[PDB]
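Since the structure comes first, as structure tokens, the remarks are kept for the end.
Protein chains in written order, with the numbering used here: chain W, 1 to 147; chain Y, 1 to 160; chain E, 1 to 158; chain R, 1 to 149; chain A, 1 to 149; chain C, 1 to 149; chain X, 1 to 147.
Now the structure itself:
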């Protein structure tokens, strides 16, 4: 289930970035940054598509299940629904600008990966999410699949 | 007789119907997002309504294959008034070709009186494995406008 | 319960059955009014606006785990298209045998514009003729013609 | 407890309560009204129609019908029993009990036979078709519980 | 001409003129009376009900019906058209249209699934049963132009 | 009310009463003794094992398990809930609860998956085989209720 | 990677069984048992086969990676190698009888699953592991795959 794997990367990004904003050691050793797999006290946001109802729904349940079993709280989860895969970048950008949310998870399904014609739609979904992560300085997980 | 045959045709299944349908949901979704938050004690779920009343839309269409692109526009026109949108709140802009769709949609999206933008066009020689430059730029141009202006733009284009 | 809420409900038979009820409740309202200008062909088409409309839903409690998905899909489609949650009447019956008789009482009220029937059917070991499955379709069809009121019919076979 | 007579009986009590509240007083808004029948059988009258064919099986289903009613609060004075020679005659007998204003629900019990071919059985088709039409015309619940031998 | 919309349309005109002769006075006698319908659509008001399902096939049949009437002298103003989502609720829409005194004939167009793997269909039979039963009650001719896939 | 969780729960109460009377005082002749469990759940302790796979369905069955017990006279203080990641781990968890002398019955709830071929599913075969062997060795009832997706 | 999933079940069995050996609440509510996803202070044992070197090796690396990233310590991991899939039940039983080890993970690869002939070998691998879990009262994870 890609939903479990994509959600799991979101916990260890909030912890890693929280250590970055803090203060490291006073030298005397090789300073190292590391994120732990605890979702306590973290806020998440989930954006999922509507196309391919049979496939998308099971991926969403993994996202919530990953957070709650890893020590998270279901009260801090926000879910946004979009019509198609084209509307994920615009919806994720609006959701990520909120100060309360720490990470954004994107879920979707792609219908083809063996032709340049459909690569026009598929490329901009990944391209838009990548630009938002660098611009907003907030982690965004790319958890869509293809079939 | 010809006026009856063309008008009796149905525009429910064309891509113009789907493109206009997605714009209505996204327009209401952002209105709820920018509003006040929930009361807590439960997981928040956001979803847009399909009430098209009180919403303004813009449509950009190309001139290539005018016998085919016009019926796609009429499907988009039907969907807006289908769910309760007034016919006076829609704007129509025509462009000579698919290359200049992004630049035309930029002017409409910057207006404060427009809530969503729907783009309709047709491509040529889609049966080739070679990369197409004009087809890639029109798809890339609309994507960047939506992220910069924070306004949803719907992309519906078919290939011959 | 949020996991159940997170499950998508668009596109099922409950969504489709409730969609037709909204259109016909507005289509019949247009026929109740005066005629057109008489300048060309007079084509009618019901609207998808559900503002101020009233609906009734008949559901079978059999297969309680699966019937709720279709019931909630019909409820969602009413609200999602502008309808009010206060104008929905829901009744529940044990099996598909009692769906026609329950739908008749709701359809006879003057405060109801459309009636939606939701249920599931049993598939046997062989594709033989089913008396129970054939009778429920006939009962709802006869009620709509008699009562001058459109009743939608969405069921699936297990 | 698990025979079809018990299951057919249980639908009779809950329908009598459901139709009682449906035509009673109205709601008051502020929520969606939910109508569901109660399993209490107090103050209800019932009628039972049974066929004489396969007397060994039928007597078992009939005994379960009264047992289910009395267990859920019913009274043996209110129930009425009618016996018919065969399955073809159940619709005409059930109509007489349903037209009485002192009867709240009608329960039909019978045993069917396997036909020669998978084609439509005319006797089997008419008994189910006739009972359903009586319920719609008379606006009274009618329970249809049969077992094919 | 080669589609069922052509055939189902012309039956409406000749049946409509046939009913006009019967409503009038009798003949002069002295011979056998033969009542005949005419292929003249002048002065006739019709109604068309079509289903939105299978957009590719239905629209070709609808325009065929419009082509047939105008070719045989039909007038464009009198044509009335109603669209329905599916084939399940065709007769109920025709019921509201056939009971108008201004309407003389009703044409129904629809498309059903292939099926044929079971012994019966629970949808294709009901739409045909509803239209035939409705015509007898209203004493108004309603044609049947529904084609299976 | 009709889910498999309710049906699986009901067997737990009646077995605890049946095994209580079976090893209790003896009979006195003059007839054949008949032993049957009573549906009263008062004074009984239960243990529930549920799998995390398909959390949407499992939470519905689990809620029916407690609801059936408390309705028939049970008390929510006596019931014990244990959750396992999957169906393969149900036998080992059920054995720990059954070895406790404070537990009268053990209820197992899980959801299975369809295999690729009609051949034996090793995961599905061992979960049913393991639970049955625990009941015979420990002389304690164990209820096996699962649904294949 | 089935190695990540099979190893993950081992952490939540040691925590769950540790709560069983303790003492629950003094009533007043519905008593519930639950295991958490923390591998701190736990000991594990891994048994892996030798056949199909290209497939087995990547599954083993997931087993150690699952433990260390979830808060575990690599000093407590014990690994045993066996020639074929037939020798997993006998090796696991010897390893599980040690008092220090809390959980046992089995890794292997099966070559066929669509014939009764090879089902003789495959059934006894699963049958033997199931009996050891009930007899020794110690969790054993069934993490083999088929190809």
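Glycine included, each C-beta is placed from N, C-alpha and C at the ideal position.
Note to self: Let me see if you follow: with CB-CB separation under 8 Å, is residue 49 of chain A close to chain Y or not?
What the structure shows: Residue 49 of chain A sits at position 49 when you count from the first residue of the fifth chain. For residue 49 of chain A, the answer is no, since every Cβ of chain Y falls outside 8 Å of its Cβ.
Margin query: Counting only Cβ pairs nearer than 9 Å, list the residues of chain Y close to residue 19 of chain E.
Written below: Working through the third chain from its first residue, we reach residue 19 of chain E at position 19. Those within 9 Å of residue 19 of chain E in chain Y number zero; the least Cβ separation is about 11 Å.
Next item on the list: Measure the CB-CB distance between residue 72 of chain Y and residue 5 of chain Y and report whether it falls below 8 Å.
Entry: Translated into positions along the second chain, residue 72 of chain Y becomes position 72. Translated into positions along the second chain, residue 5 of chain Y becomes position 5. Not a contact, by the Cβ cut-off of 8 Å.
Check: How do the stretch 70-84 of chain W and the stretch 135-151 of chain Y stand: do at least 3 beta-carbon pairs fall below 8 Å, yes or no?
Finding: no
Next item on the list: Have a look at residue 28 of chain R and residue 52 of chain E and give me their C-alpha separation to the nearest angstrom.
Entry: Mapped onto the fourth chain, residue 28 of chain R falls at position 28. Mapped onto the third chain, residue 52 of chain E falls at position 52. Cα-Cα distance, rounded: 17 Å.
Next item on the list: Answer yes or no: does any C-beta atom of chain E fall closer than 8 Å to that of residue 54 of chain C?
Entry: By 1-based counting over the sixth chain, the position of residue 54 of chain C is 54. No, residue 54 of chain C does not count as interfacial toward chain E.
Item checked: Between the CA atoms of residue 71 of chain A and residue 77 of chain A - distance to the nearest angstrom -> The residue labelled residue 77 of chain A in the question sits at position 77 within the fifth chain. The residue labelled residue 71 of chain A in the question sits at position 71 within the fifth chain. Computed Cα separation, rounded: 14 Å.
Margin query: Please classify residue 15 of chain C as buried or exposed, where buried requires at least 16 neighbouring CB atoms within 10 angstroms.
Written below: The residue given as residue 15 of chain C occupies position 15 in the sixth chain. Under this definition residue 15 of chain C is a buried residue.
Check: Quick one: what's residue 50 of chain A bridged to in DSSP?
Finding: In the fifth chain, the residue the question calls residue 50 of chain A occupies position 50. Note: residue 50 of chain A sits in a beta bridge opposite A:83 and A:109.
Note to self: Which residues in chain E have a C-beta closer than 8 Å to the C-beta of residue 82 of chain Y? List them in chain order.
What the structure shows: The sequence position of residue 82 of chain Y within the second chain is 82, counting from 1. 47 and 48, listed in chain order.
Note to self: So, at 7 Å on beta carbons, what are the nonlocal neighbours of residue 43 of chain X in its own chain, with the 5 sequence-adjacent residues on each side left out?
What the structure shows: Position 43 of the seventh chain, counted from the start, is the residue given in the question as residue 43 of chain X. Closer than 7 Å at the Cβ level, and outside the excluded window around residue 43 of chain X, lie 76, 100, 101 and 102.
Notebook entry, point to check: residue 113 of chain W: which of W:24, W:16 and W:145 sits nearest, CA to CA?
Noted result: Here residue 113 of chain W refers to the residue found at position 113 of the first chain. It is W:145 whose Cα lies nearest to the Cα of residue 113 of chain W.
Check: Who are the Cβ neighbours of residue 33 of chain W in its own chain at under 8 Å, not counting the five residues just before and after it?
Finding: What you label residue 33 of chain W is simply residue 33 of the first chain in a count that begins at 1. Correct list, in chain order: 16, 19, 20 and 24.
Checklist line | Collapsed DSSP secondary structure at residue 144 of chain X in the structure displayed | finding: Counted from its first residue, the seventh chain places residue 144 of chain X at position 144. It is coil, neither helix nor strand.
Note to self: What does the alpha-carbon distance come out to for the pair residue 7 of chain E and residue 61 of chain W?
What the structure shows: Start at 1 with the first residue of the third chain, and residue 7 of chain E comes out as number 7. Start at 1 with the first residue of the first chain, and residue 61 of chain W comes out as number 61. Using only the alpha carbons, I get a separation of about 8 Å.
Margin query: Let's see if you can read the secondary structure: which residues bound the beta strand (DSSP E) around residue 133 of chain Y?
Written below: Taking the first residue of the second chain as position 1, residue 133 of chain Y is located at position 133. Element bounds for residue 133 of chain Y: not the beta strand (DSSP E) but the alpha helix (DSSP H), 133-149.
Note to self: Less than 8 Å between the C-beta atoms of residue 58 of chain R and residue 65 of chain R, yes or no?
What the structure shows: The residue labelled residue 58 of chain R in the question sits at position 58 within the fourth chain. The residue labelled residue 65 of chain R in the question sits at position 65 within the fourth chain. No, Cβ-Cβ distance for residue 58 of chain R and residue 65 of chain R is not below 8 Å.
Margin query: Which same chain residues end up closer than 7 Å to residue 15 of chain Y when comparing Cβ atoms and leaving out the 5 residues on each side of it in sequence?
Written below: Position 15 of the second chain, counted from the first residue, corresponds to residue 15 of chain Y. Excluding sequence neighbours, residue 15 of chain Y sits near 72, 156 and 158.
Note to self: Does the CB of residue 75 of chain Y have a neighbour CB from chain A at under 8 Å?
What the structure shows: For the purposes of this step, residue 75 of chain Y is taken as the residue at position 75 of the second chain. Residue 75 of chain Y does not count as touching chain A.
Note to self: Please confirm whether residue 150 of chain E has its beta-carbon closer than 8 Å to some beta-carbon of chain R.
What the structure shows: Here residue 150 of chain E corresponds to residue number 150 of the third chain, with the count starting at 1. No, residue 150 of chain E does not count as interfacial toward chain R.
Notebook entry, point to check: Mapping DSSP to helix, strand and coil, what is residue 103 of chain R?
Noted result: As a position in the fourth chain, residue 103 of chain R is number 103, starting the count at 1. Coil.
Check: DSSP puts residue 35 of chain C in a beta bridge; with which residues?
Finding: Along the sixth chain, read from residue 1 onward, the residue named residue 35 of chain C stands at position 35. Residue 35 of chain C pairs with nothing; no bridge assigned.
Next item on the list: Under the assumption that residue 124 of chain W contacts residue 140 of chain Y (Cβ atoms under 8 Å), give the Cβ distance between them as a whole number of angstroms.
Entry: By 1-based counting over the first chain, the position of residue 124 of chain W is 124. By 1-based counting over the second chain, the position of residue 140 of chain Y is 140. With 8 Å as the limit, residue 124 of chain W and residue 140 of chain Y qualify as a contact, their Cβ atoms being about 7 Å apart.
Notebook entry, point to check: Using a C-beta to C-beta distance shorter than 8 Å, which residues of chain W count as neighbours of residue 129 of chain Y?
Noted result: Against the second chain, residue 129 of chain Y aligns to sequence position 129. Ordered by position in chain W, the residues that pass the 8 Å Cβ test against residue 129 of chain Y are 115 and 116.
Note to self: Against chain A, with Cβ distances strictly below 8 Å, would residue 43 of chain E count as a contact?
What the structure shows: On the third chain, position 43 is the one that residue 43 of chain E refers to. It does; some Cβ of chain A falls within 8 Å.
Next item on the list: In the DSSP assignment, find the alpha helix (DSSP H) that holds residue 41 of chain C and state where it starts and stops.
Entry: Taking the sixth chain and counting its residues from 1, the one referred to as residue 41 of chain C is at position 41. It is not in any alpha helix (DSSP H) - residue 41 of chain C carries neither H nor E in the DSSP assignment.
Checklist line | Between the CA atoms of residue 141 of chain W and residue 13 of chain C - distance to the nearest angstrom | finding: Counting from one through the sixth chain, the residue named residue 13 of chain C turns up at place 13. Counting from one through the first chain, the residue named residue 141 of chain W turns up at place 141. Distance between the alpha carbons of residue 13 of chain C and residue 141 of chain W: 49 Å.
Next item on the list: With DSSP collapsed to three states, give me the class of residue 81 of chain E.
Entry: Reading the third chain from its first residue, position 81 is the one you call residue 81 of chain E. In the structure shown, residue 81 of chain E sits in coil (DSSP, three-state: anything other than H, G, I, E or B).
Notebook entry, point to check: Could you give the C-beta distance for residue 98 of chain C and residue 74 of chain C, rounded to a whole number, given that I count them as a contact under 8 Å?
Noted result: By one-based count along the sixth chain, residue 98 of chain C stands at place 98. By one-based count along the sixth chain, residue 74 of chain C stands at place 74. At roughly 19 Å, the Cβ-Cβ gap does not stay under 8 Å, so residue 98 of chain C and residue 74 of chain C are not in contact.
Checklist line | Closer than 8 Å to chain Y by CB, residue 123 of chain E | finding: Sequence index remark: in the third chain, residue 123 of chain E carries index 123 (1-based). For residue 123 of chain E, the answer is no, since every Cβ of chain Y falls outside 8 Å of its Cβ.
Check: Between which two residues does the alpha helix (DSSP H) harbouring residue 4 of chain X extend?
Finding: Position 4 of the seventh chain holds residue 4 of chain X. Run containing residue 4 of chain X: 2-21, per the alpha helix (DSSP H) assignment.
Check: From residue 87 of chain R to residue 111 of chain R, what distance separates their C-alpha atoms?
Finding: Numbered from 1 along the fourth chain, position 87 holds the residue referred to as residue 87 of chain R. Numbered from 1 along the fourth chain, position 111 holds the residue referred to as residue 111 of chain R. Each residue's Cα considered, the two are about 7 Å apart.
Note to self: Contact criterion: CB-CB distance below 8 Å. Does residue 4 of chain E meet it with respect to chain R?
What the structure shows: In the third chain, the residue the question calls residue 4 of chain E occupies position 4. No - not a single Cβ of chain R is within 8 Å of the one on residue 4 of chain E.
Check: First and last residue of the alpha helix (DSSP H) that includes residue 139 of chain X?
Finding: In the seventh chain, counting from the first residue as 1, residue 139 of chain X sits at position 139. Note, residue 139 of chain X: premise wrong, no alpha helix (DSSP H); not H, not E.
Next item on the list: Put residue 94 of chain W into one of helix, strand or coil per three-state DSSP.
Entry: Sequence index remark: in the first chain, residue 94 of chain W carries index 94 (1-based). Here residue 94 of chain W sits in helix by DSSP.
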